[PDB]
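Take a look at this single chain in structure tokens; it is the form deposited in one PDB entry.
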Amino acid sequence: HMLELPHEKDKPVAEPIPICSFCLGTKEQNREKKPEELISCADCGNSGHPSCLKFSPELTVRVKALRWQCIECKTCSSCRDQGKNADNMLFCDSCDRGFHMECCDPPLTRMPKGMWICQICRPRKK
């Protein structure tokens, strides 16, 4: 399964809003007018079709297993703050958690060229 952080496990989960914040469709109608279950933000309840969020099927399965925050609610999993600069918070390509570049270990100052994954998602070494 996907590992949860201790602070995620016991947090309140917002009532989910049963329509997509991007296209205004319910689970019955994504942008292609096809059924598609929503992913919902645990902080504000805003939802999105995975297709409208531009998630792959593989990321979708993983995010559905976790306490996920929407793009606007995303807070850094290390310091727990938003901070003022949005091009500074990376989103993990394995679990979609946010981390400020400055909060990575070691800190980053430049964008990775390809995928980026957080320390939670990197496996333990032999």
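Just count from 1 along the sequence shown to find any residue number. In this text, rigid core is short for the largest set of C-alphas that superpose within 1.5 Å between two forms.
Look at the mean CA B-factor for 5-13 and for 100-108 in the entry; the higher one is 5-13. For the pair 86-94 and 35-43, the mean Cα B-factor is higher in 86-94. Taking the deposited Cα B-factors for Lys64, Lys54, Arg80, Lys27, the highest one is held by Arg80.
Same protein, other form: the form deposited in another entry, not shown, and the subject of what follows.
The Cα position of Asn88 differs by 2 Å or more between this form and the one not shown after fitting on the rigid core. Relative to the superposed core, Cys118 undergoes a C-alpha shift smaller than 2 Å between this form and the one not shown. In the other form, the Cα atoms of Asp43 and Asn85 sit 3 Å or more nearer to each other than they do here.
Cα-Cα spacing of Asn85 to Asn46 is reduced in the other form versus the present form (difference of at least 3 Å).
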